[PDB]
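Student: Below is the sequence, then the experimental coordinates.
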4 protein chains.
Amino acid sequence: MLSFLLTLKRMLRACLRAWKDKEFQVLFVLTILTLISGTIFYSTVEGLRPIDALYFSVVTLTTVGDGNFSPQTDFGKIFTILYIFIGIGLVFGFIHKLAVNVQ
Amino acid sequence: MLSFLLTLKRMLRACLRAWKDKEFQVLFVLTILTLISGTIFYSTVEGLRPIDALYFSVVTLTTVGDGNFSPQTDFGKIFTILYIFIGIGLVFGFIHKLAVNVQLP
Amino acid sequence: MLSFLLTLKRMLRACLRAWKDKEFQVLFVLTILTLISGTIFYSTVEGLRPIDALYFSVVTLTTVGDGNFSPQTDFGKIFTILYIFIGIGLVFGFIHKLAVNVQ
Amino acid sequence: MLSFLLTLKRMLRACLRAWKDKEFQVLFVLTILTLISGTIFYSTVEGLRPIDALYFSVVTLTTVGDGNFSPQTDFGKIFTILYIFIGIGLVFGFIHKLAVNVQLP
Ligand SMILES: [Ca+2]
Ligand SMILES: [K+]
Ligand SMILES: [K+]
Ligand SMILES: [K+]
Ligand SMILES: [K+]
């Protein structure tokens, strides 16, 4: 149906308009950064291959969680705790962003 | 007791009333599409029984998470990461939607 | 500090005012129901002691997840999938509720 | 590049500006209180090393979840359930807050 495609595209364009918003860009960059850091941290401190460090970081920053791995070192656990709150703060940021975008 | 039932019905009506929104519908189809892709991907690449691939896909895409399985291949891992952001995208989309339907006038 | 206690109490009263809202009551009852059902389902179909069925239901309906148990039977898995979406729908319900409560 | 930095700072200022809200503060203290209680509870009742009790408490209260540990006692289980709803309460509270600070005027 054309109605369907048209609606989808209207929405896609709306999503694209966001990647053009400075504040949204910031939020985006910060999480990308946060993802890099985490990848690096768990790679060195917890000794996980980069890909498994990125995975754990993602799955953790998004609250999906890893059904197998858990930080072994104490330093790892502390970092993971603060890491998670950064994620909570990051998502509220987007939430607030969207809540404002309508008005 | 009666107001409970009456309120429930009014709300239950609304949920359906929103099931008529063109944008809600697309989000729904996109989610179902995402769910189907995941199911295929994981049964294929991770060799998971189809029902296990759909299950992993659902719990992964909703941030619930699987307490036992994790992709074993680097391929599955990469896909899961992006898959999760799709999910995050889908949910914000719904949230944005609800946000608009509230602050309407 | 008195300022602190006063603010807290103002907020507690606000939370209490909600338990007096019919629509909120509904949302509440539905999840309680949903929790009962789940407890029963996983108890019989997956053979978990009621307490472990309630736990799995809660941890699953709230997206916390169980780091050990996963449904073994196919019927269990299908139910868990629909169960989770009920939860997503239930939480959006509260979300919408709150988003309206301000205006 | 400069607008990035300038925007970041303006936003970074706001987060702090909100750290001055009396209601945000209480929510924060309540969360810290909840976190401390959990840490005590789990090290005591579940015999978890203090840092493991705080960790389990954080991942549990944020719906992230622990991929390896689960309370072993029926006592720990009951507590975890309520604990999770406290967390759900805390988050809605913050959300409600953000909701109000947006739709202000
Ligand atoms: Ca596990
Ligand atoms: K998990
Ligand atoms: K979650
Ligand atoms: K969430
Ligand atoms: K989770």
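Tutor: It's in. Numbering: from 1, shown residues only, chains lettered A, B, ... in the order given. Ligands and ions are numbered 1, 2, ... in the order given.

Student: Just list the residues touching the residue lying closest to residue A:3 once chain neighbours are set aside, thanks.
Tutor: Closest residue to residue A:3 in three dimensions, ignoring its sequence neighbours and counting by CB to CB, 6 or more residues apart in numbering or on different chains: residue B:22, at 6.9 Å. Using the backbone N, CA and C atoms, a C-beta is placed for each residue, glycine as well. Going by CB atoms under 8 Å, 6 or more residues apart in numbering or on different chains, residue B:22 touches A:3, A:4, A:7.

Student: and the angle for whichever strand or helix holds the first one with helix B:22-44?
Tutor: When you say that, I think you mean residue A:3. Assigned by DSSP states H and E, residue A:3 falls within helix A:2-18. Angle between the axes of helix A:2-18 and helix B:22-44 is 90 degrees (criterion: axes from the mean of the first three to the mean of the last three CA atoms, to 10 degrees).

Student: How about the helix or strand harbouring residue A:89 and ligand 2, touching?
Tutor: Using DSSP H and E, residue A:89 sits in helix A:74-101. No: figure legend: helix A:74-101 not in contact with ligand 2 (CB under 5 Å from the ion); closest approach 12.9 Å.

Student: Check whether that helix comes near ligand 5.
Tutor: No: Helix A:74-101 does not reach ligand 5 (CB under 5 Å from the ion); its nearest approach is 11.0 Å.

Student: middle-most residue in chain A, spatially?
Tutor: In chain A, the centroid-proximal residue (CA atoms, centre = their mean) is residue A:31; its distance is 5.0 Å.

Student: In three-state terms, label residue A:46 for me.
Tutor: Look at residue A:46: counting by DSSP: H, G, I helix; E, B strand; the rest coil, its state is coil.

Student: For it, grab phi and psi.
Tutor: Dihedral pair for residue A:46: phi -110, psi 0, per degrees, to the nearest 10.

Student: and what of the one 3 residues further on?
Tutor: Comment: the main-chain dihedrals of residue A:49 come out as phi -60, psi 140, following degrees, to the nearest 10.

Student: Same check on residue A:68?
Tutor: According to degrees, to the nearest 10, residue A:68 has phi -130, psi -60.

Student: again with the one 5 residues further on
Tutor: Dihedral angles phi and psi of residue A:73 (degrees, to the nearest 10) take the values phi -80, psi 150.

Student: thinking again about what came up before, just say helix, strand or coil for the residue nearest to the centre of chain A.
Tutor: Secondary structure, three-state DSSP: residue A:31 is helix.

Student: before we move on, what about residue A:66?
Tutor: On the basis of three-state DSSP, residue A:66 is classed as coil.

Student: The one 4 residues further on now?
Tutor: Secondary structure for residue A:70, judged by three-state DSSP, is coil.

Student: Need phi/psi at it.
Tutor: phi -140, psi 150.

Student: Distance-wise, check residue A:103 relative to chain C.
Tutor: 11 Å (CB to the nearest CB, to the nearest Å).

Student: meant to ask about residue A:27
Tutor: Relative to chain C, and taking CB to the nearest CB, residue A:27 is found at 20 Å.

Student: Just the element for that residue, please.
Tutor: helix A:22-44.

Student: Indicate whether whichever helix or strand comes after that helix makes contact with ligand 2.
Tutor: Next helix or strand after helix A:22-44 toward the C-terminus (DSSP H and E): helix A:50-61. No: against ligand 2, helix A:50-61 shows no contacts by CB under 5 Å from the ion, the least distance being 8.6 Å.

Student: Can you name the residue of chain A nearest to ligand 5?
Tutor: Residue nearest to ligand 5 within chain A: residue A:65 (4.0 Å; CB to the ion).

Student: re earlier: of the contacts of residue B:22, closest to chain D?
Tutor: residue A:7 (26.2 Å; CB to the nearest CB).

Student: Backbone dihedrals for the residue of chain A found nearest ligand 1, please?
Tutor: Nearest residue of chain A to ligand 1: residue A:67, at 4.7 Å (CB to the ion). In terms of degrees, to the nearest 10, the main-chain angles of residue A:67 are phi -70, psi 0.

Student: How about the residues of chain A by ligand 3?
Tutor: Checking chain A against ligand 3 by CB under 5 Å from the ion, the hits are residue A:63.

Student: Can you name the residue of chain A nearest chain C?
Tutor: residue A:65 (5.7 Å).

Student: Quick one: distance of stretch A:49-68 to the chain centre.
Tutor: Put simply, stretch A:49-68 sits 11 Å off its chain's centre (CA atoms, centre = their mean, to the nearest Å).

Student: Regarding that stretch, how distant is the last residue from the first?
Tutor: 15 Å (CA to CA, to the nearest Å).

Student: Repeat that for stretch A:18-26.
Tutor: Stretch A:18-26: ends 11 Å apart by CA to CA.
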